[PDB]
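Just dropping this structure here.
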Ligand SMILES: C#CCOc1cnc(C(=O)Nc2cc(F)c(F)c([C@@]3(C)N=C(N)S[C@@]4(COC)C[C@H]43)c2)cn1
């Protein structure tokens, strides 16, 4: 799968995008890779932030579905016109498929001013597709219409704004992207990429919460979220433990709440006063788990557009959630992540490109013995 290595680009905090073509003749667009949604949606009008946009009038293969879709998020929104067209991934498999495309015709706080992407590729399942689960997601079309295997994998490599990169391997796994073994956790249900966290440690120290709290109301793997988001109760306990572990220096309450940055002189960041965070995930076998471990390099993130400071400033990128745990870029940048849809499981291995120091490294380890893991899942 050497053709697909290094097919992702981006800037810090603006997501990871892949090049795609839409229509005949092909119109090239940069598309955000998003495991946390299920619509393929592209700018179709000259919004001032966009480098380019889908021009349906130039495509002979365009077909109108004569139906609109309105998609509000918690803080942004877009509205679009549904159709189908021929879609390819130049640095992906040598195939072309007819996919649903939402042509975005109105938006608010969706596109990023200064970003280099013009659309989103929702790689999750039909259950959370808008307007409903009858709108077949891109990856489902790809698999149905071709011989590409029903899996993909992601290596997200973290860094005026630093450039990020990585690989999306479509239909396979590239062993050059990881070291050690892959460890798999079940996809609990095919909507989001829902997983179950069974234990949490800060520097080896169990938080000791009822594990249901770790997954209330769900835990997902989401390449379209920057942070590690945690349920409120879990965030409260997690911060309490991280504060204690890093108490040799003090920081204001707002830093922990993500309401202000913290800065240090160039090259003087105290990585070592910050603890590692380990998430144990449900394993493949009854009573068996494995653990993934990330560093402060992952959850303490450089902000490189602070014009009013000359120092190295960082954002605390663990945050409280009302929608459950979100394993965003903070988690994924440590690991090679295999979305093994064929076997309803997600694989983690140490990423060959993860950012670390001479003392500590990201880890994937098992097996561990963990009882009552089925009790960790939330039901209504
Ligand atoms: C680089 C880097 C660090 O990682 C990321 C990942 N994603 C982003 C990002 O901008 N994601 C993004 C932006 C949106 F405007 C946006 F609407 C979304 C959506 C479609 N997808 C998500 N997974 S979060 C979301 C609500 O959940 C559906 C806001 C929706 C993601 C930025 N940095």
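Using Swiss-Prot numbers, chain A covers 60-218, 227-447, in order.
How was it done? The header gives X-ray crystallography, 1.9 Å.
The backbone N, Cα and C atoms fix where each Cβ goes, and this holds for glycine too.
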Can you check which of 136, 168, 285 Swiss-Prot annotates as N6-acetyllysine?
285
When DSSP states are folded down to helix, strand and coil, where does residue 285 (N6-acetyllysine) land?
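Once the DSSP labels are grouped into three classes, residue 285 (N6-acetyllysine) ends up as coil.
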Can you list which of these recorded positions (93, 216, 307) have a Cβ closer than 6 Å to ligand 1?
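Those recorded positions that pass the cut-off, since their Cβ is under 6 Å from ligand 1, are 93.
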Give me the long-range Cβ neighbours of residue 278 (disulfide bond): same chain, 6+ apart, Cβ under 8 Å, in sequence order.
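In sequence order, 264, 265, 266, 439, 440, 442, 443 meet the Cβ cut-off.
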Could you tell me, to the nearest whole Å, how far the Cα of residue 218 is from the Cα of residue 227, given 8 unmodelled residues between them?
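Cα of residue 218 to Cα of residue 227, across the missing 8: 12 Å.
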Neighbour count, 10 Å Cβ-Cβ cut-off, for residue 275 (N6-acetyllysine): what number do you get?
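10, counting other Cβ atoms within 10 Å of residue 275 (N6-acetyllysine).
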